[PDB]
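These notes concern the structure reproduced below.
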Amino acid sequence: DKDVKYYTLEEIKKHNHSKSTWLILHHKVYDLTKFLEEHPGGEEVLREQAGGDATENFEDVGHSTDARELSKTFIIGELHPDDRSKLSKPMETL
Ligand code: HEM
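Counting along the sequence shown from 1, when you hit position 27 you're at 27 in PDB author numbering, and nothing is skipped either side.
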């Protein structure tokens with residue numbers, strides 16, 4: 001999974017189902033849906049932080065390098081650039 005489709009926080013918080021198990025690991029949007037059962041450890045752990053900050057876990061365990069790699073193929077997007085260093089503005093329409 002190799003692209004950066006800049007997604008909005010709402011979007012990430014709208015993929016927490018089962019076939020879109022996303023999460024935010026270091027201001028980045030990952031997708032481990034096809035990795036849920038393909039993850040050496042569990043799957044439900046990726047759901048406990050689905051569309052949410054699993055970074056606490058990722059670091060608590062202090063993951064191996066081979067895992068740091070699948071991260072690169074699990075990114076599907078990044079936190080919007082209007083929402084990386086602000087997260088505080090209106091929208092306005094017409
Ligand atoms: C980029 C996303 C992730 C990738 C690519 C990934 C990949 C891996 C790999 C390759 C291992 C090593 C297997 C072993 O030690 O036998 C591992 C272990 C593990 N992972 Fe992940 N992982 C990811 C995210 C997560 C997250 C967010 C959680 C928790 C919510 C988690 C919890 C664990 C646990 C519990 C283990 C077993 C070893 C231990 O921590 O004692 N992983 N992971």
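Ideal Cβ placement from N, Cα and C applies to all residues, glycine included.
The ligand HEM heavy atom lying under 7 Å from the CB of residue i
i, result
"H15", "no"
"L46", "yes"
"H80", "no"
"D31", "no"
"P90", "no"
"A50", "no"
"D1", "no"
"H63", "yes"
"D53", "no"
Delimiting residues of the beta strand (DSSP E) encompassing residue i
i, result
"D66", "Run containing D66: none in the beta strand (DSSP E); it sits in the alpha helix (DSSP H), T65 to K72."
"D31", "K28 to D31"
Residue burial classification, residue i (beta-carbon count within 10 angstroms, cutoff 16)
i, result
"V61", "exposed"
"residue 102", "Outside the shown range of the chain, which is 1 to 94, sits residue 102, and nothing can be said about it."
"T93", "exposed"
"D66", "exposed"
"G41", "exposed"
"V4", "exposed"
"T33", "buried"
Residue nearest to residue i in terms of C-alpha spacing, selected from the options
i, options, result
"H17", "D1, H39, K28 and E43", "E43"
"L36", "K86, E59 and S71", "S71"
"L79", "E59, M91 and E11", "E11"
"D53", "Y30, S20, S64 and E69", "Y30"
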